[PDB]
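Structure record follows, encoded as structure tokens.
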Amino acid sequence: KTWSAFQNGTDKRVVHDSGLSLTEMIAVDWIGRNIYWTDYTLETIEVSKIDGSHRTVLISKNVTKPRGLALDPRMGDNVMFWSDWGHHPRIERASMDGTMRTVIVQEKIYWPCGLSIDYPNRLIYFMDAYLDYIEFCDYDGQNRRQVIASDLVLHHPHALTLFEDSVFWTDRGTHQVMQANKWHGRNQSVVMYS
Amino acid sequence: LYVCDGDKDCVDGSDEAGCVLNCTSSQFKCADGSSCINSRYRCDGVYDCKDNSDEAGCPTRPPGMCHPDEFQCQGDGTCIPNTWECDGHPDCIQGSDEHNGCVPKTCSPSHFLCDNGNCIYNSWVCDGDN
Amino acid sequence: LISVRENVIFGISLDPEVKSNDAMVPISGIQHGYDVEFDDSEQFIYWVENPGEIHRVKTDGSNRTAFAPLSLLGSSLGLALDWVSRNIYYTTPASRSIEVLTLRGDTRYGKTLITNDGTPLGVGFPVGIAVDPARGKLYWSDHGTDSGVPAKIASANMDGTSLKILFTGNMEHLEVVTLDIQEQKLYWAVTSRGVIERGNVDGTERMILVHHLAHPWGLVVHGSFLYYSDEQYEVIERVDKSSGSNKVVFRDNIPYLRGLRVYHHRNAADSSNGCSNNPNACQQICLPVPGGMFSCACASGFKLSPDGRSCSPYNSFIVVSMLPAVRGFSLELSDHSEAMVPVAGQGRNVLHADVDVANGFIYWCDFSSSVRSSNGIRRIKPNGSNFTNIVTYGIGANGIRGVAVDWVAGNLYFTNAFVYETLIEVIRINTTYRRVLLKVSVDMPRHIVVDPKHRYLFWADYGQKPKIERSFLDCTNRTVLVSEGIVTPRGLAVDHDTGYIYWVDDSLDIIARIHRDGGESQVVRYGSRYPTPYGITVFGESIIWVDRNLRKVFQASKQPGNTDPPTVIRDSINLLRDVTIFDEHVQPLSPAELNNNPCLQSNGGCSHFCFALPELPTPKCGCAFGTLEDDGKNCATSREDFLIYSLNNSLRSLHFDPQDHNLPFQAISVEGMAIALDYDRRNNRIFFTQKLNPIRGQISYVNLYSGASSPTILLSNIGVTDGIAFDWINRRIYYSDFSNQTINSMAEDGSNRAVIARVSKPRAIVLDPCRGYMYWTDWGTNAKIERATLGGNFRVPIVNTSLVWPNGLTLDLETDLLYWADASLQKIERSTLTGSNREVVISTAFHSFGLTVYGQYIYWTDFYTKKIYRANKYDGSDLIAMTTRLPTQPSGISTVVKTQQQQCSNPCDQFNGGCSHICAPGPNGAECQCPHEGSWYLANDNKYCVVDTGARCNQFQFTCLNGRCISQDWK
Amino acid sequence: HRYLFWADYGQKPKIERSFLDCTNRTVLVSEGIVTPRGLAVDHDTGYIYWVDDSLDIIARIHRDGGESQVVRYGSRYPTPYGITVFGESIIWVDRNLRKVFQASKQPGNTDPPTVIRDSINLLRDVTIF
Ligand SMILES: *[C@@H]1O[C@H](CO)[C@@H](O[C@@H]2O[C@H](CO)[C@@H](O)[C@H](O)[C@H]2NC(C)=O)[C@H](O)[C@H]1NC(C)=O
Ligand SMILES: *[C@@H]1O[C@H](CO)[C@@H](O)[C@H](O)[C@H]1NC(C)=O
Ligand SMILES: *[C@@H]1O[C@H](CO)[C@@H](O)[C@H](O)[C@H]1NC(C)=O
Ligand SMILES: *[C@@H]1O[C@H](CO)[C@@H](O)[C@H](O)[C@H]1NC(C)=O
Ligand SMILES: *[C@@H]1O[C@H](CO)[C@@H](O)[C@H](O)[C@H]1NC(C)=O
Ligand SMILES: *[C@@H]1O[C@H](CO)[C@@H](O)[C@H](O)[C@H]1NC(C)=O
Ligand SMILES: *[C@@H]1O[C@H](CO)[C@@H](O)[C@H](O)[C@H]1NC(C)=O
Ligand SMILES: *[C@@H]1O[C@H](CO)[C@@H](O)[C@H](O)[C@H]1NC(C)=O
Ligand SMILES: *[C@@H]1O[C@H](CO)[C@@H](O)[C@H](O)[C@H]1NC(C)=O
Ligand SMILES: *[C@@H]1O[C@H](CO)[C@@H](O)[C@H](O)[C@H]1NC(C)=O
Ligand SMILES: *[C@@H]1O[C@H](CO)[C@@H](O)[C@H](O)[C@H]1NC(C)=O
Ligand SMILES: *[C@@H]1O[C@H](CO)[C@@H](O)[C@H](O)[C@H]1NC(C)=O
Ligand SMILES: *[C@@H]1O[C@H](CO)[C@H](O)[C@H](O)[C@H]1NC(C)=O
Ligand SMILES: *[C@@H]1O[C@H](CO)[C@H](O)[C@H](O)[C@H]1NC(C)=O
Ligand SMILES: [Ca+2]
Ligand SMILES: [Ca+2]
Ligand SMILES: [Ca+2]
Ligand SMILES: [Ca+2]
Ligand SMILES: [Ca+2]
Ligand SMILES: [Ca+2]
């Protein structure tokens, strides 16, 4: 199941039933009052009303194995991004209503495990657990750079988040949460231990 | 809540250092004597105790979980391409990919071999990405 | 098209090139997916899980529910639906049965159509089911059993009255059967050979249609095409119904594949049958039969009448309990029909069942070590119309081990088992009134039974030296009926006619009876012929009992010495645990039958509880909370006593009655933050602890009775003090300091100060002056609770294990119990003054600053929720919040009780009143005595005694046991 | 009757019957035995009687097994430690009552017992000469 609560633990409620897969992502719209989530067993991307009252399946034709989902709901952008782990692992972008679809990164993805957006710069940040890297590109994939890449720092990443000039990620191989500088990684810190 | 849970939540573990080690009810026990931990964790896939012995007792998973093009990870219950199994890098969370004796895999001329014993396509050798 | 996978259900469009997978809103969260069925007239889809439960959801996602959770035993394996009669059919192997349920309206009706009957035609292990409504025919597939039932495809009538076998042989590991209504043909698949076969509904022909598969789940036929799925090939594909020679594939590389269905607007007018033609023609269930005719049937717990239109409920039946379910059997052993709607489903572990025949209820208790929700007491009606939870909060670690019901008083009695303690509690059946009547300590009462005619309550004990005990309905009296000859009393029963008690033992392998007044024990059906009698009941001139090893229910005559071979009621029942009877005769209600029980009429006028006491013509009343009043019937909550707490500056008062929103005293405001409070009965005054800034601690006192006098100050600047305690016998104040890691003592006016002990982070102090002890909490390294004398001269840790962050401590002098709170483990624990017994009172949603105990309740204040909470001090069986969300984070709490013992009633308790030997009860104050044998003599004062010759030494010394004197400085 | 009988005190206690050369083993009682402190045989009828201080029971069985029968059960017999059979009577000793008792061996009889000696300490077994 999927649950919604307040930042103080009160008013626990159920949005909708959810898939049993350990690889799942949820996205929310602070404008459209809609919620989007990924399904790894049915191989689908689904949209609903933030209160869960209405449900629909939005993309099903090529999303072999979703491992990441990110949204930009601003009036002038209205874009949705997700990552797939099929035999042709790629990062795909589509209008928030699925009426437009494009492939943004497909040349070196092998085990995508993170997807996050940086709204001021209009950048995408994604993580790969096979080549062990954190890399960012633009909404079209025509600008691309690598923040952190080494078998020493990244062992088994699973989630990525961004705040100011810092990037935060989680690693299952070291049971840790890490903070770094999102442009060059020349600053590294441990946010939570064990 | 955190000051006695078997998890060293800070650099020196000041929280856990003060706790007793007697294994109250439902607390599964570990040989290193580090901490006693709740039974529910026994087969969830996390090495909850220091000497890797909470899950060590657990049984194996249904083999039908992955396609023939894939290999399965016992601790995580996840599927990874067959080529990755014995490539020389631990891909599974608990290292289930490098198993027993691998008959070590080698690198062909269309690829390059580096310091860490990994094989990479020749075009990648010098393009700006490590 | 609809396809199932062990964790997902999804819909495919029926053309093979449309690869979209959202023809319907999917069904996520499935755990053990199995076959599915659909109803289009209400936009519903139903699915089964094995192991699991039967669930229905709507095609648009608007609703999701579990359809038959209380009657379903084990897991179902196949579903069939009838849209003409509006009936659903499902098959369950755990009960070797095929069952029918009615979808029409909000009121379910359910019966079992086919089960074991010794014949090979009967149902064995039914895995597959298909139905045809227009022709009134039902078809099922069954793996068979060791009863001679073959692996088969069988045909029956939807009313269950006819059985025939269509196909057999070459059938091992057969999973699904499906029917085609236009062809009148049946299709099934076999995994042992990898083939799909077709047959005729009359058994006239058998043929093979698909040749190479590996575990092919699912068959469905629509129009000219047949669809099947394969597990090992991970594929779902379609083939020509008429040829089997050409194939198309809809989806591939899909894992954990399961069976399939097709969704279309099938209509009842075309598929019409007798039930559709004659609506409302049956009172409960309507089942079609061949030739367009129909049949009527009653739900479980009901029987059918010669008119065929009506059903009548069973009013006299036997009730049997098994760990997985509760079932009823007719008194007529020729009737194998269910006498009550069974009780079965997830979490079932039934230990005991009891009945309230006059009100129409059955009450049972569930006990599981590994699952919290499974433990409890629940009541249901034999018709299944009502289900309720009676006791689900405040259950000990060892669960509830016994339930007894009293139909005269309208009371329920149960036993609750904690770690080192057991409790016997009574609850009024329809009101939030629950009380604890007895705390049993070393004895372990499990089985409990009550008799209102003789006004006695009986229970059995399972610990060391097991025994059977007799008590009164208020547990104010305890007596032992049997001590010798008991090892494992698995069951206890009482006879309401004769007033005799019977018990069964599987270690002794004996059934034995005793008389309510004790005395001579008597033996029934002893020997190896009774390997494991687990439950017994008494009815008329007979006793009925169940045996775990023989898997049987037996009836015999209760008089001892009889040896007629027993009588059998039901064979082959697994996990039998208890037997009970549901008949008006076992629960009389006439005053002449109940010996004029006072509670029989209007609860005897008692407000909370009514308890008939042997040989007392008037009722007796008990209060769940508060105290009892001189009218002998009502209860009050001592408005003379109140609770006092501080928010930051505002000292506020509260009443123990959560409905009495009046304030004991209006609110008072003080400088800074008031953190800790204590009150004294002598002055009607409060002593409080004040924090002025993060560095300055202060102590002040305020008066309630002295008009409206403002505060007075005792100490102006000390470290931040977080705890205060008062001693009214010695007129001393004790306080703790967090900034200085110290516990200090002072006098009522501050003119005298002393320091008692040092402990890191000394949050709380507790005092007992008549016994001379003080207790304190240390949450630093090696977190402990510690006890010392009022002067700190002796010191010992009361609790130093399984404790991490003790931040609250309180003591109750009525029970001599100590309670503490831990913020790391988020729980409240109670123990004795020695720490020899330990129990947990609250373990859920727990944050707390203060702790205080009054009456049957324990109270604490919570800074996270900004609320004050009240619970029951023995088990936490009740939880309520005394206040709305307060304006700011609460502080510590104290109680104002006017009935305090302002003087010690037993002066010898202060370390023998200071003596070494026998202390006299206050003749001229505390006074001392030596053994009357031997020439002993009283010394130091009139105090030490080991002086056998009256030998002399100088008074400036101190004179010891063993006859030696030493300078006082060495004392 | 050319039979040899013995009682077993380990896990799953039982009573067994054998031939004088122990070449045959058979079990007469398995259920209803916890602490068989004493075993006696009747040479007239060929019946076997045993006493138990855990069960607090005196019970008899037939040399060919089958139906178990009960004598003087209840709290009135706290610790019967030894039993012997003589004529129409059984004689047994009780460790807690410090007494020697005589009663009739037929089951179901409940005549109050008869006493032979009082105040005997540490009683363990009775035999007849
Ligand atoms: C407790 O409440 C139940 C449910 O309201 C009462 O049940 C009714 O009992 C009367 C007889 O006293 C029946 O005629 C009604 O059919 C019952 N109603 C239902 C809904 O079942 C019950 O009487 C109350 N008291 C006790 C002691 O159970
Ligand atoms: C989706 O699948 C179709 C058909 O297999 C293919 O032509 C198309 O390139 C795919 N699109 C993506 C983004 O993979
Ligand atoms: C980043 O790291 C450098 C050293 O590499 C250090 O001097 C600097 O203070 C760091 N900055 C922050 C904001 O942590
Ligand atoms: C340690 O735990 C055991 C039970 O596992 C208990 O018997 C023992 O008393 C405990 N020791 C202490 C010091 O509490
Ligand atoms: C189904 O869900 C709706 C949501 O509003 C609710 O009104 C209704 O009571 C539920 N149950 C039924 C049977 O429709
Ligand atoms: C359950 O009981 C209540 C009253 O106690 C009654 O109103 C309700 O109808 C009952 N439930 C059903 C399904 O009849
Ligand atoms: C309670 O039991 C005692 C014996 O234990 C008995 O003397 C007394 O009469 C009983 N109480 C009443 C009210 O009869
Ligand atoms: C009590 O708390 C409120 C906020 O909760 C604060 O504004 C007020 O100043 C506090 N009292 C004192 C005396 O500071
Ligand atoms: C703490 O204790 C010391 C003596 O041990 C005393 O001098 C001091 O005044 C106390 N209070 C504070 C706030 O240090
Ligand atoms: C705990 O208390 C016991 C006595 O109750 C004592 O023997 C033991 O040493 C204590 N252990 C600790 C760590 O304080
Ligand atoms: C939690 O937040 C909700 C509003 O989001 C509020 O109603 C509630 O009082 C808050 N509770 C606490 C304990 O702060
Ligand atoms: C020995 O016992 C067996 C049964 O255990 C019996 O069949 C056999 O007859 C006995 N021996 C003799 C010589 O009778
Ligand atoms: C492990 O368990 C699975 C089922 O969960 C199979 O039984 C498999 O054969 C087992 N054995 C090994 C070593 O994988
Ligand atoms: C390495 O493996 C490849 C196949 O992937 C070839 O077998 C090659 O011959 C191997 N090289 C060595 C040195 O054994
Ligand atoms: Ca920790
Ligand atoms: Ca684990
Ligand atoms: Ca590898
Ligand atoms: Ca490169
Ligand atoms: Ca037995
Ligand atoms: Ca005894």
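By order of appearance in the structure tokens: chains A, B, ..., then residues from 1 within every chain, and ligands from 1 in the order shown.
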### Message
Give me, as a ChimeraX atom specification, the residues of chain C touching chain D, with the criterion being at most 9 Å (counting only C-alpha atoms).
### Response
/C:482-487,506-510,519-523,526-531,561
Could you write those residues out with N, CA and C atoms, as an mmCIF file, in the first residue's frame?
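Printed below is part-v8.cif as written:
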```
data_model
loop_
_atom_site.group_PDB
_atom_site.id
_atom_site.type_symbol
_atom_site.label_atom_id
_atom_site.label_comp_id
_atom_site.auth_asym_id
_atom_site.auth_seq_id
_atom_site.Cartn_x
_atom_site.Cartn_y
_atom_site.Cartn_z
ATOM 1 N N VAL C 482 -9.273 -29.259 44.203
ATOM 2 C CA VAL C 482 -8.422 -30.393 43.874
ATOM 3 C C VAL C 482 -6.972 -29.936 43.814
ATOM 4 N N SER C 483 -6.107 -30.641 44.538
ATOM 5 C CA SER C 483 -4.671 -30.415 44.503
ATOM 6 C C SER C 483 -3.972 -31.676 44.032
ATOM 7 N N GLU C 484 -4.312 -32.810 44.635
ATOM 8 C CA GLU C 484 -3.774 -34.094 44.234
ATOM 9 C C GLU C 484 -4.505 -34.619 43.004
ATOM 10 N N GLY C 485 -3.799 -35.416 42.208
ATOM 11 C CA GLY C 485 -4.394 -36.026 41.038
ATOM 12 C C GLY C 485 -4.619 -35.138 39.834
ATOM 13 N N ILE C 486 -3.873 -34.043 39.690
ATOM 14 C CA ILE C 486 -3.983 -33.165 38.530
ATOM 15 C C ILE C 486 -2.576 -32.901 38.013
ATOM 16 N N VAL C 487 -2.396 -33.026 36.697
ATOM 17 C CA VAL C 487 -1.108 -32.797 36.052
ATOM 18 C C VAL C 487 -1.287 -31.837 34.883
ATOM 19 N N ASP C 506 -5.104 -35.046 29.692
ATOM 20 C CA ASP C 506 -4.453 -35.868 28.680
ATOM 21 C C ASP C 506 -3.124 -36.437 29.154
ATOM 22 N N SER C 507 -2.646 -36.045 30.329
ATOM 23 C CA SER C 507 -1.445 -36.643 30.890
ATOM 24 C C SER C 507 -1.888 -37.823 31.738
ATOM 25 N N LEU C 508 -2.865 -37.568 32.604
ATOM 26 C CA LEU C 508 -3.493 -38.619 33.381
ATOM 27 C C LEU C 508 -4.351 -39.504 32.486
ATOM 28 N N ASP C 509 -4.881 -38.944 31.394
ATOM 29 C CA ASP C 509 -5.810 -39.644 30.510
ATOM 30 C C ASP C 509 -7.030 -40.055 31.331
ATOM 31 N N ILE C 510 -7.684 -39.037 31.887
ATOM 32 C CA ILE C 510 -8.785 -39.244 32.816
ATOM 33 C C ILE C 510 -9.817 -38.135 32.676
ATOM 34 N N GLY C 519 -14.231 -32.159 48.583
ATOM 35 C CA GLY C 519 -14.328 -33.486 49.169
ATOM 36 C C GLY C 519 -13.876 -34.602 48.238
ATOM 37 N N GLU C 520 -14.726 -35.616 48.093
ATOM 38 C CA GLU C 520 -14.410 -36.815 47.321
ATOM 39 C C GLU C 520 -14.313 -36.578 45.816
ATOM 40 N N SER C 521 -13.180 -36.973 45.238
ATOM 41 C CA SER C 521 -12.999 -36.948 43.794
ATOM 42 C C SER C 521 -13.583 -38.223 43.190
ATOM 43 N N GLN C 522 -14.094 -38.135 41.951
ATOM 44 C CA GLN C 522 -14.703 -39.291 41.301
ATOM 45 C C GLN C 522 -14.173 -39.413 39.874
ATOM 46 N N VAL C 523 -14.184 -40.638 39.316
ATOM 47 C CA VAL C 523 -13.541 -40.901 38.027
ATOM 48 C C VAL C 523 -14.532 -41.304 36.946
ATOM 49 N N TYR C 526 -11.681 -43.431 32.567
ATOM 50 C CA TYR C 526 -10.226 -43.490 32.652
ATOM 51 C C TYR C 526 -9.700 -44.613 31.749
ATOM 52 N N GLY C 527 -8.438 -44.495 31.352
ATOM 53 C CA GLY C 527 -7.733 -45.531 30.617
ATOM 54 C C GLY C 527 -7.195 -45.076 29.271
ATOM 55 N N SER C 528 -6.501 -46.018 28.615
ATOM 56 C CA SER C 528 -5.868 -45.801 27.318
ATOM 57 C C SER C 528 -6.881 -45.590 26.206
ATOM 58 N N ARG C 529 -8.150 -45.907 26.450
ATOM 59 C CA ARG C 529 -9.205 -45.684 25.477
ATOM 60 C C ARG C 529 -9.477 -44.200 25.284
ATOM 61 N N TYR C 530 -8.843 -43.338 26.080
ATOM 62 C CA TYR C 530 -9.037 -41.892 26.021
ATOM 63 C C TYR C 530 -7.659 -41.248 25.931
ATOM 64 N N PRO C 531 -6.981 -41.371 24.788
ATOM 65 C CA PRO C 531 -5.599 -40.858 24.717
ATOM 66 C C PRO C 531 -5.395 -39.376 25.010
ATOM 67 N N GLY C 561 -18.315 -44.532 37.333
ATOM 68 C CA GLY C 561 -18.358 -45.977 37.352
ATOM 69 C C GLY C 561 -19.041 -46.629 36.170
#
```
12 Å from ligand 3 is the threshold here; counting only C-alpha atoms and all ligand atoms, which polymer residues fall inside it? Answer as a short mmCIF file (atom, residue, chain, number, x, y, z; two decimals) with C-alpha atoms, in the first residue's frame.
```cif
data_model
loop_
_atom_site.label_atom_id
_atom_site.label_comp_id
_atom_site.auth_asym_id
_atom_site.auth_seq_id
_atom_site.Cartn_x
_atom_site.Cartn_y
_atom_site.Cartn_z
CA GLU A 164 21.11 23.99 -3.26
CA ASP A 165 24.58 23.08 -4.66
CA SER A 166 24.51 19.69 -2.91
CA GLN A 179 26.14 14.35 0.72
CA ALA A 180 28.34 15.84 -1.97
CA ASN A 181 28.65 18.92 -4.17
CA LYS A 182 26.47 18.41 -7.24
CA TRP A 183 28.92 20.03 -9.71
CA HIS A 184 32.25 18.29 -9.04
CA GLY A 185 31.88 16.07 -5.91
CA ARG A 186 35.03 17.68 -4.40
CA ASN A 187 33.18 17.71 -1.09
CA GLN A 188 31.97 14.48 0.47
CA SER A 189 30.22 13.90 3.79
CA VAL A 190 28.16 11.26 5.58
#
```
### Message
Env of residue 783 (chain C): 12 Å cut, atoms = only C-alpha atoms, seq-sep filter 3 positions within chain, self excluded. Answer as a ChimeraX atom specification.
### Response
/B:3-4,18-20 /C:759-763,776-780,786,797-807,822-824
#### Entry: Nearby polymer residues, ligand 2, at most 10 Å, only C-alpha atoms and all ligand atoms, as a ChimeraX atom specification
/A:60-64,84,86,88-93,101-104 /C:19
Using N, CA, C and O atoms, can you write the selected residues to a file as a short mmCIF file (atom, residue, chain, number, x, y, z; two decimals), in the first residue's frame?
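As written to disk, result22.cif reads:
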```
data_model
loop_
_atom_site.label_atom_id
_atom_site.label_comp_id
_atom_site.auth_asym_id
_atom_site.auth_seq_id
_atom_site.Cartn_x
_atom_site.Cartn_y
_atom_site.Cartn_z
N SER A 60 2.49 2.39 -21.13
CA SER A 60 2.61 0.93 -21.07
C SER A 60 3.29 0.30 -22.29
O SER A 60 3.56 -0.90 -22.24
N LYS A 61 3.55 1.05 -23.36
CA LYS A 61 4.03 0.44 -24.60
C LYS A 61 5.51 0.04 -24.61
O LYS A 61 5.87 -0.94 -25.29
N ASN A 62 6.39 0.76 -23.90
CA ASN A 62 7.81 0.42 -23.90
C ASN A 62 8.51 0.49 -22.55
O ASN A 62 9.74 0.37 -22.51
N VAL A 63 7.81 0.70 -21.43
CA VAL A 63 8.49 0.84 -20.13
C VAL A 63 8.70 -0.56 -19.57
O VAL A 63 7.95 -1.07 -18.73
N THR A 64 9.77 -1.20 -20.05
CA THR A 64 10.12 -2.57 -19.66
C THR A 64 10.35 -2.73 -18.15
O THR A 64 9.85 -3.67 -17.53
N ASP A 84 14.45 3.20 -17.61
CA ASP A 84 14.11 1.81 -17.85
C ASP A 84 15.38 0.97 -17.86
O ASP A 84 16.43 1.41 -18.36
N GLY A 86 15.53 -2.33 -19.33
CA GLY A 86 15.39 -3.44 -20.25
C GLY A 86 16.74 -3.80 -20.86
O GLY A 86 17.79 -3.29 -20.47
N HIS A 88 17.80 -2.83 -23.41
CA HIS A 88 18.26 -1.56 -23.95
C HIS A 88 17.97 -0.56 -22.85
O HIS A 88 16.96 0.17 -22.90
N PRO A 89 18.82 -0.48 -21.82
CA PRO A 89 18.53 0.44 -20.72
C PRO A 89 18.65 1.89 -21.18
O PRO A 89 19.61 2.25 -21.86
N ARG A 90 17.65 2.69 -20.85
CA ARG A 90 17.61 4.07 -21.32
C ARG A 90 16.87 4.96 -20.34
O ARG A 90 16.28 4.50 -19.37
N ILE A 91 16.97 6.26 -20.59
CA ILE A 91 16.24 7.28 -19.84
C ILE A 91 15.32 7.92 -20.87
O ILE A 91 15.77 8.31 -21.95
N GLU A 92 14.04 8.02 -20.53
CA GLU A 92 13.02 8.50 -21.44
C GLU A 92 12.29 9.67 -20.80
O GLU A 92 12.19 9.77 -19.58
N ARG A 93 11.85 10.59 -21.65
CA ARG A 93 11.16 11.80 -21.25
C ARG A 93 9.85 11.85 -22.02
O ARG A 93 9.80 11.45 -23.18
N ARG A 101 6.68 11.61 -26.43
CA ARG A 101 7.71 10.75 -25.86
C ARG A 101 9.00 10.86 -26.65
O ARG A 101 8.99 10.91 -27.88
N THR A 102 10.12 10.89 -25.92
CA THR A 102 11.46 11.03 -26.47
C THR A 102 12.42 10.26 -25.58
O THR A 102 12.11 9.99 -24.41
N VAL A 103 13.56 9.86 -26.14
CA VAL A 103 14.58 9.14 -25.40
C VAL A 103 15.73 10.12 -25.21
O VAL A 103 16.19 10.74 -26.18
N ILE A 104 16.17 10.30 -23.97
CA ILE A 104 17.16 11.31 -23.62
C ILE A 104 18.55 10.71 -23.43
O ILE A 104 19.53 11.30 -23.89
N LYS C 19 -0.77 -4.06 -27.85
CA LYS C 19 0.05 -4.51 -26.74
C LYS C 19 -0.20 -3.78 -25.43
O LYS C 19 0.53 -4.02 -24.46
#
```
#### Entry: Surrounding residues of region 41-52 of chain B excluding itself and chain neighbours under 4 positions, 8 Å, only C-alpha atoms, as number ranges by chain
B: 28, 30-32, 34-35, 37, 56, 58, 75-76
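You will find CA of residue 551 (chain C) at 11.0 Å from CA of residue 569 (chain C).
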### Message
Among region 525-630 of chain C, which residues does DSSP mark as strand (DSSP E) when it is run on the backbone? Keep the chain and numbering as in the structure and answer as a ChimeraX atom specification.
### Response
/C:533-539,542-547,552-557,567-570,576-582,609-610,621-622,627-628
Could you save the residues just selected, with C-alpha atoms, as a PDB file, in the first residue's frame?
```pdb
ATOM      1  CA  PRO C 533      -9.303 -35.562  25.995  1.00  0.00           C
ATOM      2  CA  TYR C 534      -8.844 -31.809  25.465  1.00  0.00           C
ATOM      3  CA  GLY C 535     -12.313 -30.349  26.072  1.00  0.00           C
ATOM      4  CA  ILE C 536     -15.448 -31.312  28.002  1.00  0.00           C
ATOM      5  CA  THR C 537     -18.985 -29.989  28.457  1.00  0.00           C
ATOM      6  CA  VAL C 538     -21.996 -31.277  30.414  1.00  0.00           C
ATOM      7  CA  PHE C 539     -25.551 -31.483  29.055  1.00  0.00           C
ATOM      8  CA  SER C 542     -24.453 -36.757  29.407  1.00  0.00           C
ATOM      9  CA  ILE C 543     -20.963 -35.336  29.084  1.00  0.00           C
ATOM     10  CA  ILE C 544     -19.515 -34.443  25.691  1.00  0.00           C
ATOM     11  CA  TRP C 545     -15.786 -34.262  25.076  1.00  0.00           C
ATOM     12  CA  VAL C 546     -13.268 -34.046  22.261  1.00  0.00           C
ATOM     13  CA  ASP C 547     -10.062 -36.012  21.684  1.00  0.00           C
ATOM     14  CA  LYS C 552     -13.336 -37.558  17.510  1.00  0.00           C
ATOM     15  CA  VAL C 553     -16.223 -36.125  19.485  1.00  0.00           C
ATOM     16  CA  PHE C 554     -17.697 -38.396  22.159  1.00  0.00           C
ATOM     17  CA  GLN C 555     -20.823 -38.509  24.304  1.00  0.00           C
ATOM     18  CA  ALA C 556     -21.159 -40.571  27.484  1.00  0.00           C
ATOM     19  CA  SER C 557     -23.137 -40.559  30.733  1.00  0.00           C
ATOM     20  CA  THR C 567     -21.053 -42.718  21.670  1.00  0.00           C
ATOM     21  CA  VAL C 568     -19.523 -40.847  18.739  1.00  0.00           C
ATOM     22  CA  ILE C 569     -20.803 -37.617  17.212  1.00  0.00           C
ATOM     23  CA  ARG C 570     -18.224 -36.664  14.579  1.00  0.00           C
ATOM     24  CA  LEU C 576      -9.969 -30.390  18.182  1.00  0.00           C
ATOM     25  CA  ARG C 577      -9.558 -28.151  21.241  1.00  0.00           C
ATOM     26  CA  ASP C 578     -12.891 -27.450  22.966  1.00  0.00           C
ATOM     27  CA  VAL C 579     -16.598 -28.305  23.008  1.00  0.00           C
ATOM     28  CA  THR C 580     -19.501 -26.106  24.177  1.00  0.00           C
ATOM     29  CA  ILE C 581     -23.288 -26.357  23.853  1.00  0.00           C
ATOM     30  CA  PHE C 582     -25.854 -23.786  22.651  1.00  0.00           C
ATOM     31  CA  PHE C 609     -21.090  -4.386  37.995  1.00  0.00           C
ATOM     32  CA  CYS C 610     -23.535  -6.736  39.735  1.00  0.00           C
ATOM     33  CA  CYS C 621     -22.085  -3.958  43.257  1.00  0.00           C
ATOM     34  CA  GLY C 622     -18.630  -3.230  41.951  1.00  0.00           C
ATOM     35  CA  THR C 627     -15.438   4.213  44.366  1.00  0.00           C
ATOM     36  CA  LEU C 628     -18.833   2.945  45.547  1.00  0.00           C
TER      37      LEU C 628
END
```
### Task
Point out the residue among A:95, A:10, A:4, A:77 with the least atom-to-atom distance to ligand 11, counting only C-alpha atoms and all ligand atoms.
A:10
### Query
Given a cut-off of 7 Å, what residues near ligand 12 show up using only C-alpha atoms and all ligand atoms, put as a PyMOL selection string?
chain D and resi 24-26
